[PDB]
Structures are given as structure tokens and as C-alpha cells.
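Note sheet for the following structure.
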Amino acid sequence: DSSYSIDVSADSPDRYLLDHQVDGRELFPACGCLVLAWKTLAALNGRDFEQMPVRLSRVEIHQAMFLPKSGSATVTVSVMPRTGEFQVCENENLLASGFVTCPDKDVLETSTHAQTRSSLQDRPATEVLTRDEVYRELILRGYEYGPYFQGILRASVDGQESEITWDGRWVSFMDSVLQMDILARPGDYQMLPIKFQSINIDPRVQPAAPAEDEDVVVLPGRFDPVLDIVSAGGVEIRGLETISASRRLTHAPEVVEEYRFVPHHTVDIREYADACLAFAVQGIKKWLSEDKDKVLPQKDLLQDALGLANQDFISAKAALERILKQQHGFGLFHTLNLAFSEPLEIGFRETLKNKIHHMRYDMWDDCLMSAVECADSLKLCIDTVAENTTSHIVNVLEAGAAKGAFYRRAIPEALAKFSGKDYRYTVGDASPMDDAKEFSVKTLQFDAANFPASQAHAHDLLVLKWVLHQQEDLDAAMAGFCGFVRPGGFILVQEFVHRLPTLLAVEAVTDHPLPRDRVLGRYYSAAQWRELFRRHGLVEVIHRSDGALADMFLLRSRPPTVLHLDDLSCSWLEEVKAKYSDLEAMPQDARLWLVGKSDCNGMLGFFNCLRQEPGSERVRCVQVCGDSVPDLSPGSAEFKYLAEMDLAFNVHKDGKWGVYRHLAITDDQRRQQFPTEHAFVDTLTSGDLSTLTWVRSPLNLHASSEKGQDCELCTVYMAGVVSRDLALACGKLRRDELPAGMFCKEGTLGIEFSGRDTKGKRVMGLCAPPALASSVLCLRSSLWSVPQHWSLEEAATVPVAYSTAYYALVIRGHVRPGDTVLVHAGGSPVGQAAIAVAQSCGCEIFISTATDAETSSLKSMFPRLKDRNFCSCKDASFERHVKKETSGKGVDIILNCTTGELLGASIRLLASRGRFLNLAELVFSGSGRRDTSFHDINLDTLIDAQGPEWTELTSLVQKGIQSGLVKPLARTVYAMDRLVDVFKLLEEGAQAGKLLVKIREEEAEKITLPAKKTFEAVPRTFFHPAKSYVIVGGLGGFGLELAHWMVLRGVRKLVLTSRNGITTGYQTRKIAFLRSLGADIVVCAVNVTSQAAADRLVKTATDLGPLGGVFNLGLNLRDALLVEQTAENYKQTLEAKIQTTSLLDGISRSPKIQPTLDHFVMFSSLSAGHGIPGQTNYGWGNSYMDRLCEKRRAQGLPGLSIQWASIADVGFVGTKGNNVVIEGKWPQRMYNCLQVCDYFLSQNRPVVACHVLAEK
């Protein structure tokens, strides 16, 4: 137990160990455990770990320790003297094991140690990867190494020849070599090493450690793929079996949101409101009729309310009870019932008020009170305020916080999503507000006019939720509120207009009494509210209603210079550049009126970026879209109406004035299952059985034609489920473990199926994985015709069951007349199939049922079975029974299906020349029966590799079907929408025989067309393999990864267009990999700027195949403030987005390509939505692209514009470090970006956005 205490403090040597990060976690590298075992062996043998050649074999990695951010950890090492079986473990959980020894000269076997010349230099840059790209690949996979572990200086495109930087530390060097190995196997899944085969270290031949001044040593390293052996300097790693991992998003969830032009102006909420009004009216009538003790608070007020409403308790109570019954959250009625029905004796006020205070928490979340404060309206109001205040911090004050509790929904749904505009929010009310502790805010207690002068004019947004109908002197209270607001600030008001008597019942208790325009002495109408706002220097900028109770208003405290940027050739650039400095010298009461009315006027993004720059505060943008162009000439009624508000972002559309704002997309909308003609079940979050759901299938795209062999598309009617499907869905069996040919498939669940083939003839059989689906593309060789007298509910049981039975007993077991067959778990369908086959051959069968009901059922299903041929599988008793009944010889064919100690017991029953058919081996190898045989039976491999054996098996099962041998087993049909329960039951072990899923009900006729049907399924994104897609500028950083994802999703014909073509080595490696996946990548270098260039591009695409999509990913970054912006920069930036986009749009809507195009996509950036300082070219380009895509969708044809915040890894930000924050937007990962893109490609919205917020 040579314990090692590692330390990771600042001054400790091992600080570098914190550089080995894997998805934002400081994992202790396996190389560390290897080096620790090396040192332990060296110490135990009286040697130094720098001059002792070592060899670690059979190494296996169990767990990965998480290094503390700062502190120390303990790891023990326990090696055996003779065998050298080390065991590196910490605390109670083992980390790694294997054997470690010290061999003689015969330690290294590669000869790369002797080699000293590199030769990697003087090779064209197009054929060598530098450190930056070599580690860009690995960070893309998920390994994010720090500078100390970035121990690779150069690599070849083949990934074979490479250069390592030796600088003393052994762990860094070993992890560099392992990084070489990982680089040798491309992909997109976070590979995790588990088992090695041989790690030989020979420090003697290794070059000596550099001194401090001798910089580093460059060591050559080579990876031989024949044996899969990576050797650099003095190390030699071999084997490296690996598994997959499910990644771990390092940041907060991506905030998907759709751009939309938001204009200014459960139970049916109106019905709820009306019913509650009637209930309140009758309850007030009851109270007035039962007011003999004169205890009713302000009886005159409630009499007035009842009289105004006028203009049985059981009846209305039943009305509201029924309306509740037919139906989330119902608060108003519950509180009203509590209030009306309560002992009204002396002291009523305080007890009832305390009860109402208890219930206020539920009262907030009511489907009538919270009917107007939907996420949409709050986000609209808050973002309007945010983009109309010139400051990095926005102040918000909430008066009467206790009554309203606005923050409840304004902080976590409209403020917490702020990016680049910090929010300072404070509450105020005479009552304590400790309940606001969770939502961190500063408490400024007060209430009226005795208004704190400390915040005299230091607020931008004042919140008035149900606090405007409580004051008496509305004029003075308004004067105080308006004072509370900075000039140009906003006020949020939420009031009641209709159905006042209801909730007046409540206010008469909980609210302060008031005397008595004044509707009920306390309330004002909508028009009256607007009059009140008008009288007090306030213009209502937004008005939202709910039609029942509540109305929200966002109000603002009230020689123009127009500048029509109608031109799109950047003459406006010079015009505005000259006219915009004139604002600075001008007084602060004058603003610049930028007016844009063009076919695709792009001012939205341009101004969004320009706003950040200094001196832009007094600049107003006016975007005009659509016809009915408003009169924007100076002196026009529209212009007076606009200046009455003076809003930064004002847009016109459909004849109404609104604002182009972002709106969040709730998870209820990211899983809206749509109807599709084909679908297959899959697990969204791999490893969880609670997420199984139906996803659209690529067959819907008429991709049913398979190049290999001839295939037939069958319409499934009854899809079976096997233990294999559970093993895959749960996560016990990783996808990559499946045979090549099933890993590239669409899904991986379900094999058996049965239904009508083309022309309708009923068939059944196994197939590729995507069988548990509403349609399957079988290979025409795995199809048996359903006989008569066999309804499809029964044919779903023969396959897999009898297939495995025959394949085990006959094809491989070769059971003969005689011999003894031990069938474990005779209850399961495979057990019964094996019983049938074995009894057909005539052998003696020893069954091992688990329970007793299974024994009775089997005995009643098979007459010839006696009572001596049964055992108990649950416990290790079957061994005794089998050995006693068979005279100790032992059985011959053990169709075993158990594991663990039961497996050892089963192995200890096998007789000489015995065949152990393991359906699920380590113990077996140590057998003592001499001539034996062990057969691993995995039907998946046979299904994939349909050699002669598959045809022979098909023939055997068909011949059996012709006879009476095979017959359907016990079946348990489960409805379609019961996948989670079906899989859970399959996990439990209480499965009743077989398990099926009824996709479609069988019809009377025995041969007919399968009719039509639509299935609910979450839409995925798949591409037609016979089409061609162009990725303009796809050769950059994002483009390449988008192309790899595309090729994974089915694209086989690509045109990666770039400026100069292939320049670096990373592009060449990516091209080679994509072509290795079996795709046609015709890289061009056509800078699309004229009709001829685009025509040539389309000619290339068509020569590849019919054109289907165009993913424009080009960009040009000439960042510079508008005060010092040159026409050349604008031209160079727009020709990358505007010219190319316009030409592609013009050429893709021609008659010859329009009916074949479905994926016109333009990658944009948020710089058009949220602005970036001094990047107006990017903003104008992005705005134009978004407007073009909106026009496209309005006109038909596909259209899409995805606005990104910041992509990590690939971009230059990834090279400098994927942590730099811009406007508070963390650099988004890649795979998360790809998943968001996957959702975005298959949803009908013109322009969308996606950004990841950074920890403030």
C-alpha cells in the first residue's frame, strides 16, 4: 500500500495536472495511474522510476477520479510480489488494474525510439496539421487540454507521423501519445479508454529531460494502424479499447428563441371570469342578507358593488365546481370560497386577512390574474425598455411589492435572460418582504407624499402592479410616480377594468379602506386610465388586454433629420458617416432619424450594432416592411405619432407599428410531435428509459432505395420487443458495440416484425435495427410468408424466438437424436422455442423455470415433459437436480442464459464433447472436461452479415413452419403509446411471455393494401441521399463541422465552396474523413460575385445530382467603428453575404430547381439582433439575410436564418480559448450548436436565434 498523496495547490509541482480537462471536469488522467504503478514497482524493487524499463499489460481503467480545484488527494497502490498484479485505487473505488513488470532489452518493439530525424518539416502546409488544429479536433470531440498537456507540435494528415514536445513530466508525454491514438480514430463521440493491451516504457532510450534554458526536445512519433500501436520517444502504447460517453454541456442551457415582429396592439378565461363574477355577486348578496351583527367590512362599499353588478350560493358554487372539474392552477375561486365561507364573528378582519395572506401565494398563480402577464408580454415590455435606455445598468423599482409581487415573473422570465445589460431591481412597501429573499433585491420600504427623495430621478422602469387603484389622491400619487422615473424612463401598469365587484369582495378585506370616474370608489376604466396617464406626461407605448379582468400598459415619459438609407450600394455609408458626427456638436435634444424603406432594407442589424458605439444614443431607426408605406416625410401625421414616443427601434408591418423582438421557445414547443407517415421509436437522452418517443423516419423522404442487394419496404403491423432492445435503450449496451452496418443506421431498437409486404402479402421476420417502427426496409431475404390460420398478432412471436432456437440448437449446437439439453429460463420465449426444437430432435430436455406458475404452464403446453425434468433457476439448486438425475455425466447442450455465480454452476454441468451455447465465458476457459465447445450466440452479428448461414437459417425456420413444430407463444399486446411502460415491464422480469406493440389493427382481407395512417412523432432532420447540397463558404471552421453532421444525417453529395480552396491541413483531413464516410465532396473555389460564377456552381451541383439545399456560411469581419469606416470594408463584407445570397436566391427559385430545393439556409449572427460595438457590416449583412428569408417563407419555398451568438472550438475564439465572453454570451459548444441546428432545420419559422448566457 505505497500511498501517494498528490497535491494540486498553486506552488505544488502537480498544478499542471489540472490541465487535463474532459468536458469541464479536471479528471485525473489514466497516464497518471500508469506512472504511479511504475513508481510503485520501482520503489518496491529498490530502483528509481527514471531508469527502470517497465511494461504494463492487461491494463483496464475502471473509474476516473475528479481532481480537486485546490487541495490534495490520496491514491494507494497495491502490487503483488510475483505476478505484479497492481491495483491503483483511491478511497473505496478502484481506479485501474492490470499487471506491471520490468522486462529486459525486449521492451520496445516499434523502432521509432531509435529514429531521431523528424522530416515532418518541409512538407506543404496543406499536408501538415499544426498544434492549433491538432488540438482543435480533440477539443471538438470534448477533451479540452491546458497548455501543459498540449504535448503535440505537429502531425501529418494521415495522423501517423507526428512530433511531441518532451519537457520533463512523464504524464504529459504519455497523455500526448494517447492523444495521438485518439486522433487516429476519427468520429464525433467522446471516446473513453477502458482497456489497454500493452504499455511499454523504456526511459533509458528516451532523450534526457531539457534543462530550464534548453527549451523542449522534439521527439518523433508514429502510429502503426496494422497493430494499432502508438510509439513516441521511449513509450509504446497498444490496444486502447474504448467506449462512448454522453458528453456534458459545460454551460447553461442554450436559450433558443425566435425572432418575430411583435406588434403593439385551460378553461376559457372569459367563462371563468364571468362565472366568478356571478359567484361573487351572489355571495355578496348573501353577506348583506346575513349582516345582522354589523361586522361586514364597509357594508356600504359591498352594497355599492352588488348594486353595480345588478346593473343562490349552491347554484354558482356548483357552476364553478363544474368548470373546475372539466379542467393548471385555480386560485381565485378557492380564495373566494374561503372568504365567503368563514365564521364572521368578532375579530373577523384579522383572521380573514391572515388567511388571505396565507393563500396569496396560490392567488398569484391564477389563470385569471396571471392571464395577461404571459412570458411573451413581459419579455416584450422588458426588452423594449432595455433597448430604449442608454446605459449598461437598468434600474427597476416596484412600488407596492406586497400587493403585486411583479418580480415573481419579471425577474426569472424577462430579466434573468438579459445579455449585455445588467439589471438592478428594488422593491418597496411598508410591509416586510422577507419572502423576496430568494430573488436577491434591495428593499426600500415606504408608502404614501412622503416619497423617498433618495431615488428622486434614478429609475428607468417603475412597476405598478395593482397599486394604481389603491391611492386616493391619484394626481399626487401620479406626480410622485412620475418624479420617480428618470426622463425618458418607462412605467409598467397592470390594472383591472371589467368585472370589478369580483375581487372587490377581496379588496374590501385585505385592502385599505377607501371612501366612496371612481367606478366603485376605487377603480378606473381603461379609457379613464389612459386619460390619467395622458394628463401626467406619459405616452402609452404598449397596450395589452386579456378581455376578462386585467390590462397591461407600458407607458413612457414623453426639425427632424431624416436619412433615407434606401440604397443598398453603400452610398448611405458615406452619407450617414458624414451626417452622424454632426449629432455630437448638435444639442442633445436632437436625434438622427434613420429611415429605411426598401425591398429588403437591412437597417435592423446595422442599427443594432451601431447603437453600442459611442455617440449613437440620439439615433432613431425606422424599418418599413410590406405595402401601405406610411407617410414618413417630415410633417406627416405618422411622424408626429412616432415622435410622440421617440422609441429607438420602431418598425412598420401589415399597416401597424410594432417592434422586432426575440421571443423564447418553450420546451413545450421543442417537442411538439407532428403527424408523419412513418416513424420509429428512439431515446432522446441516451441511457434513460423514460424518454422513448416516436421520431420521424428517413423513409418519409423516399430514401427507401438501398444500393446493396434488393430491399422491400414493409408496413409493420405488430412490432415485437426483445431483451436486446431494453439493453440498448437502458444504456447497458453502447451503440458502437453493435456490428458495423447497424451503427450507421437510423435507430437501433427492435428486430422482429410482421405485416403486409408490397402488394399486401402478409410476411414476417427479422431485419435491420429500425424495426420497431411503422415501416421497415427489409432485405427481402429476411421475410417469411405468414400461413393461414395465423393472425398477425401471432406471427410476431415466431421470429427471434424460433430463429435463435434453431440457430443455437441446429446450426451451431448440431443437436442429434439423443444427448441432453439444459434450457435455462424455460419461461422466456427463447426457452419455449428451444424446447420445441429439442423435442423435435427427440432429446431429453432439462428445463429451469424460475417460479412455479411457469412449471405448470409449460407442463400444460408440452405433454411429454415429465415431472423429473424441471428445476429452480432462481437459486443454485438446478445444479444438484441435474447432476443427480443425469447420473453425474452432465448435460451436453447447455443453452445457458444466466450470468454470475449461476453461470459458474451451469458451466460445471457440461459433459465431455459438450457445447455451451451462451446466449448472453471467463470461468469456462478453466474447464476440466477436455473436449468441449463454447459458442457465443449473438443474433445481431448474423443479422448484419447475411452469409450462407442466414439463408440456411431462413430455410430451417420456413421448413419448420410448414410442419406443426413451430407455433406462436404467449403474447401480451401493448398499445402504441405505451413504450415506457413496456420497457419498464421488460426490465422488471415479470414479463408475460412475449411482448409486442400494436402499430395497426389487422384487417379482414388476407391480402390487401395497408391503407393510410398518420403517427405522432417529434420531427427529425434527414437529407435525401440522391440529392446535392451546396455549403457556400463551407470550408471554414463552422462549415466543415456542419458538413460532417450533414454527411452523418445522409448527405452523400456536397459542394464545399471557398475563396482560395484548400489551404491548411485540417481542411484536407476533414475532406479525407468525409470521403471515407462514403460521400461525394467536390470542393470548389468560386467566389460567387456574378451570374457566371453562380451558374458554374449550380452546374457543378447538378453534375453531382439534383440540387436540394444551399447553406450559406461565408463571412467577412472588417470590424471598425462607423466614425472611421471605409467603403472598401463595407463592400468586402457585403459581397460575402449580400451578393452571394442574392445570386443564390435568384438562381434557386428558377423553375428547374425550385421543385427540388428544400433546404435554403443562411447562417447569420446575433450582431443583427443584439448588436456588437463597431461591427456594422456584419449587422447589415445579417439583417438583409433575415429579411430575405422572411420574404421567402411568406412567398413559399423554404427559408431560414439562424442567428448565432458565438461558436466555440472551431472559431478563432476557440483557438484563443473558448471562455472569452462577448456581451455576456459564453462561447457555445459545437455539438449543442449542432443539436439546435437539427431542431431549427425542421421547423417552420423564417428567422431564429440561439445564444448561451454567461455566468454574471
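Naming works like this for the C-alpha cells: A, B, ... for the chains as they're shown, residue 1 at the start of each chain, ligands 1 onward in shown order.
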* To do: Extract, using only C-alpha atoms, all DNA, RNA and protein residues at most 9 Å from residue 768 of chain A, discarding same-chain residues fewer than 2 positions from it, and format them as number ranges by chain.
  => A: 741-742, 745, 748, 750-751, 766, 770-771, 776-779, 940, 943-944
* To do: Pick out the residues sitting within 12 Å of residue 1155 of chain A, and hand them over as number ranges by chain; count only C-alpha atoms, and ignore anything fewer than 4 positions along from it in its own chain.
  => A: 1106-1109, 1148-1151, 1159, 1196-1198
I'd like the neighbourhood of residue 346 of chain A as a PDB file with N, CA, C and O atoms, in the first residue's frame, where a residue qualifies if any of its atoms comes within 10 Å (using only C-alpha atoms), though same-chain residues fewer than 2 positions away should be ignored.
```
ATOM      1  N   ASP A 293     -75.121  41.380  12.603  1.00  0.00           N
ATOM      2  CA  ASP A 293     -74.218  41.830  13.655  1.00  0.00           C
ATOM      3  C   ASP A 293     -73.403  43.050  13.247  1.00  0.00           C
ATOM      4  O   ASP A 293     -72.616  43.550  14.058  1.00  0.00           O
ATOM      5  N   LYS A 294     -73.571  43.539  12.021  1.00  0.00           N
ATOM      6  CA  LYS A 294     -72.863  44.725  11.545  1.00  0.00           C
ATOM      7  C   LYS A 294     -71.353  44.553  11.696  1.00  0.00           C
ATOM      8  O   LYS A 294     -70.647  45.420  12.214  1.00  0.00           O
ATOM      9  N   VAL A 295     -70.864  43.404  11.236  1.00  0.00           N
ATOM     10  CA  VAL A 295     -69.439  43.104  11.252  1.00  0.00           C
ATOM     11  C   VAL A 295     -68.828  43.114   9.859  1.00  0.00           C
ATOM     12  O   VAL A 295     -67.603  42.958   9.739  1.00  0.00           O
ATOM     13  N   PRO A 343     -66.489  31.673   9.489  1.00  0.00           N
ATOM     14  CA  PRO A 343     -67.163  32.312  10.627  1.00  0.00           C
ATOM     15  C   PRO A 343     -66.883  33.805  10.677  1.00  0.00           C
ATOM     16  O   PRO A 343     -65.722  34.226  10.696  1.00  0.00           O
ATOM     17  N   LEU A 344     -67.940  34.610  10.704  1.00  0.00           N
ATOM     18  CA  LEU A 344     -67.837  36.062  10.617  1.00  0.00           C
ATOM     19  C   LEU A 344     -68.152  36.719  11.957  1.00  0.00           C
ATOM     20  O   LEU A 344     -68.795  37.768  12.017  1.00  0.00           O
ATOM     21  N   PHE A 348     -63.242  39.282  12.907  1.00  0.00           N
ATOM     22  CA  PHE A 348     -63.185  38.671  11.583  1.00  0.00           C
ATOM     23  C   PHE A 348     -62.060  39.249  10.738  1.00  0.00           C
ATOM     24  O   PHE A 348     -61.385  38.506  10.014  1.00  0.00           O
ATOM     25  N   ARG A 349     -61.852  40.564  10.812  1.00  0.00           N
ATOM     26  CA  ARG A 349     -60.914  41.220   9.909  1.00  0.00           C
ATOM     27  C   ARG A 349     -59.549  40.549   9.957  1.00  0.00           C
ATOM     28  O   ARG A 349     -59.010  40.149   8.921  1.00  0.00           O
ATOM     29  N   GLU A 350     -58.984  40.396  11.153  1.00  0.00           N
ATOM     30  CA  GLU A 350     -57.594  39.966  11.254  1.00  0.00           C
ATOM     31  C   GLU A 350     -57.438  38.501  10.870  1.00  0.00           C
ATOM     32  O   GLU A 350     -56.503  38.139  10.149  1.00  0.00           O
ATOM     33  N   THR A 351     -58.337  37.639  11.343  1.00  0.00           N
ATOM     34  CA  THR A 351     -58.237  36.228  10.983  1.00  0.00           C
ATOM     35  C   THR A 351     -58.398  36.035   9.480  1.00  0.00           C
ATOM     36  O   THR A 351     -57.622  35.298   8.855  1.00  0.00           O
TER      37      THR A 351
END
```
* Long-range neighbours of segment 326-332 of chain A as a count of residues only, 10 Å cut-off, only C-alpha atoms, 3 positions minimum in chain -> 25
* To do: Please give the complete set of residues from segment 1162-1220 of chain A that DSSP, run on the backbone, assigns to alpha helix (DSSP H), formatted as number ranges by chain.
  => A: 1176-1195, 1212-1216
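The nearest approach to residue 519 of chain A among the residues A:469, A:165, A:557, A:1101, with only C-alpha atoms taken into account, belongs to A:469.
Every protein, DNA or RNA residue with an atom at most 6 Å from segment 1006-1014 of chain A, where only C-alpha atoms count and chain neighbours fewer than 6 positions away do not, is listed here: residues 675, 676, 677, 760 and 761 of chain A.
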Would you export the selected residues with N, CA and C atoms as a PDB file, in the first residue's frame, please?
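Okay, part.pdb is ready:
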```
ATOM      1  N   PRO A 675     -47.689  15.009 -37.144  1.00  0.00           N
ATOM      2  CA  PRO A 675     -48.093  13.782 -37.840  1.00  0.00           C
ATOM      3  C   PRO A 675     -47.158  13.479 -39.003  1.00  0.00           C
ATOM      4  N   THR A 676     -46.697  12.233 -39.065  1.00  0.00           N
ATOM      5  CA  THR A 676     -45.817  11.763 -40.122  1.00  0.00           C
ATOM      6  C   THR A 676     -46.284  10.389 -40.579  1.00  0.00           C
ATOM      7  N   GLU A 677     -45.975  10.051 -41.832  1.00  0.00           N
ATOM      8  CA  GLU A 677     -46.447   8.786 -42.385  1.00  0.00           C
ATOM      9  C   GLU A 677     -45.583   7.604 -41.956  1.00  0.00           C
ATOM     10  N   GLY A 760     -49.217  -6.460 -50.466  1.00  0.00           N
ATOM     11  CA  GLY A 760     -50.045  -6.823 -49.333  1.00  0.00           C
ATOM     12  C   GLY A 760     -49.842  -8.202 -48.736  1.00  0.00           C
ATOM     13  N   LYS A 761     -49.121  -9.097 -49.412  1.00  0.00           N
ATOM     14  CA  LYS A 761     -48.967 -10.452 -48.893  1.00  0.00           C
ATOM     15  C   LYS A 761     -48.326 -10.420 -47.515  1.00  0.00           C
TER      16      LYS A 761
END
```
* What does the distance from atom CA of residue 604 of chain A to atom CA of residue 566 of chain A come to in Å, to one decimal? -> 13.0 Å
* What does the distance between atom CA of residue 1239 of chain A and atom CA of residue 1098 of chain A come to in Å, to one decimal place? -> 27.4 Å
* In Å to one decimal, how far is atom CA of residue 463 of chain A from atom CA of residue 404 of chain A? -> 9.1 Å
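Residues with any atom within 10 Å of residue 1135 of chain A, counting only C-alpha atoms and excluding same-chain neighbours fewer than 3 positions away, are residues 1087, 1088, 1089, 1114, 1115, 1116, 1130, 1131, 1132, 1138, 1139, 1140, 1141, 1142 and 1181 of chain A.
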Would you mind exporting the chosen residues as a short mmCIF file (atom, residue, chain, number, x, y, z; two decimals), in the first residue's frame, restricted to N, CA and C atoms?
```
data_model
loop_
_atom_site.label_atom_id
_atom_site.label_comp_id
_atom_site.auth_asym_id
_atom_site.auth_seq_id
_atom_site.Cartn_x
_atom_site.Cartn_y
_atom_site.Cartn_z
N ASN A 1087 -15.60 32.29 -55.77
CA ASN A 1087 -16.11 33.45 -55.05
C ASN A 1087 -17.33 33.98 -55.80
N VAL A 1088 -18.52 33.63 -55.32
CA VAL A 1088 -19.75 33.96 -56.03
C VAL A 1088 -19.95 35.47 -55.99
N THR A 1089 -19.77 36.13 -57.13
CA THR A 1089 -19.99 37.56 -57.22
C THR A 1089 -20.73 38.00 -58.47
N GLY A 1114 -20.60 31.82 -45.48
CA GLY A 1114 -19.50 32.75 -45.66
C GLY A 1114 -19.61 33.94 -44.72
N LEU A 1115 -18.46 34.56 -44.44
CA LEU A 1115 -18.43 35.74 -43.59
C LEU A 1115 -17.17 36.54 -43.90
N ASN A 1116 -17.21 37.81 -43.52
CA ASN A 1116 -16.07 38.72 -43.65
C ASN A 1116 -16.13 39.69 -42.49
N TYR A 1130 -16.97 47.94 -46.22
CA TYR A 1130 -18.38 47.63 -46.40
C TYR A 1130 -18.59 46.76 -47.64
N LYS A 1131 -17.94 47.11 -48.75
CA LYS A 1131 -18.10 46.32 -49.96
C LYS A 1131 -17.59 44.90 -49.75
N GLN A 1132 -16.43 44.76 -49.12
CA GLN A 1132 -15.84 43.44 -48.93
C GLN A 1132 -16.67 42.59 -47.99
N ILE A 1138 -24.34 39.53 -49.05
CA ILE A 1138 -25.45 40.11 -49.80
C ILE A 1138 -25.40 39.68 -51.26
N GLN A 1139 -24.25 39.84 -51.91
CA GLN A 1139 -24.17 39.47 -53.32
C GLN A 1139 -24.37 37.97 -53.50
N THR A 1140 -23.67 37.17 -52.70
CA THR A 1140 -23.79 35.72 -52.82
C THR A 1140 -25.22 35.27 -52.52
N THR A 1141 -25.81 35.81 -51.45
CA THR A 1141 -27.17 35.43 -51.10
C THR A 1141 -28.15 35.82 -52.19
N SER A 1142 -28.04 37.04 -52.71
CA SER A 1142 -28.97 37.48 -53.75
C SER A 1142 -28.86 36.60 -54.98
N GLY A 1181 -25.35 42.90 -43.11
CA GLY A 1181 -25.47 41.65 -43.85
C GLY A 1181 -26.46 40.69 -43.22
#
```
* In terms of the shortest atom-to-atom distance over only C-alpha atoms, which of A:38, A:423, A:1066, A:1240 is closest to residue 670 of chain A? -> A:1240
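Near segment 372-385 of chain A, within 6 Å and counting only C-alpha atoms, sit residues 370, 387, 388, 414 and 546 of chain A, not including residues fewer than 2 positions from it in the same chain.
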File dump, residues just selected, C-alpha atoms, as a CSV table (one decimal), in the first residue's frame:
```
chain,number,residue,atom,x,y,z
A,370,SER,CA,-51.8,35.8,-14.5
A,387,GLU,CA,-33.2,48.7,-25.8
A,388,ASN,CA,-34.6,52.2,-25.2
A,414,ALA,CA,-37.6,38.7,-18.7
A,546,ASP,CA,-56.9,39.8,-21.7
```
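Taking only C-alpha atoms into account, residue 735 of chain A lies nearest to A:686 out of the set A:1067, A:389, A:74, A:686.
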* So which bits of segment 15-92 of chain A end up strand (DSSP E or B) when you DSSP the backbone, as a ChimeraX atom specification? -> /A:20-22,26-27,54-61,66,72-77,85-90
Limited to C-alpha atoms, could you put the picked residues into a file as a compact mmCIF listing (two decimals), in the first residue's frame?
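Generated file (selection_15.txt):
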```txt
# COMPACT_ATOMS: atom_id res chain seq x y z
CA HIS A 20 -6.21 17.52 -18.27
CA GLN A 21 -9.85 18.58 -18.55
CA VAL A 22 -12.52 16.41 -20.19
CA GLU A 26 -10.45 18.03 -14.07
CA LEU A 27 -10.16 14.26 -14.48
CA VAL A 54 8.60 -1.22 -17.43
CA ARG A 55 5.73 -2.99 -19.15
CA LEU A 56 2.08 -2.73 -18.07
CA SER A 57 -0.21 -5.36 -19.56
CA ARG A 58 -3.90 -6.26 -19.43
CA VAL A 59 -4.45 -2.76 -18.04
CA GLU A 60 -8.10 -1.83 -17.51
CA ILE A 61 -9.48 1.54 -16.42
CA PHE A 66 -12.10 14.13 -10.20
CA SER A 72 -4.77 17.24 -2.07
CA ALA A 73 -5.89 13.71 -2.92
CA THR A 74 -4.75 10.26 -1.82
CA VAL A 75 -4.30 7.26 -4.12
CA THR A 76 -3.00 3.88 -2.96
CA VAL A 77 -1.13 1.27 -5.00
CA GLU A 85 -0.87 -7.51 -10.43
CA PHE A 86 -1.15 -3.85 -9.49
CA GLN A 87 -4.29 -2.12 -8.26
CA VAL A 88 -4.34 1.69 -8.30
CA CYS A 89 -7.32 2.76 -6.19
CA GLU A 90 -8.43 5.72 -4.11
```
* Looking at A:1039, A:596, A:225, A:489, which one is nearest to residue 554 of chain A, with distances taken over only C-alpha atoms? -> A:489
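Among the candidate residues A:11, A:473, A:1, A:1238, the one lying nearest to residue 448 of chain A is A:473, with distances computed using only C-alpha atoms.
The residue that comes closest to residue 1241 of chain A, out of A:1218, A:1201, A:683, A:612 and on the basis of only C-alpha atoms, is A:1201.
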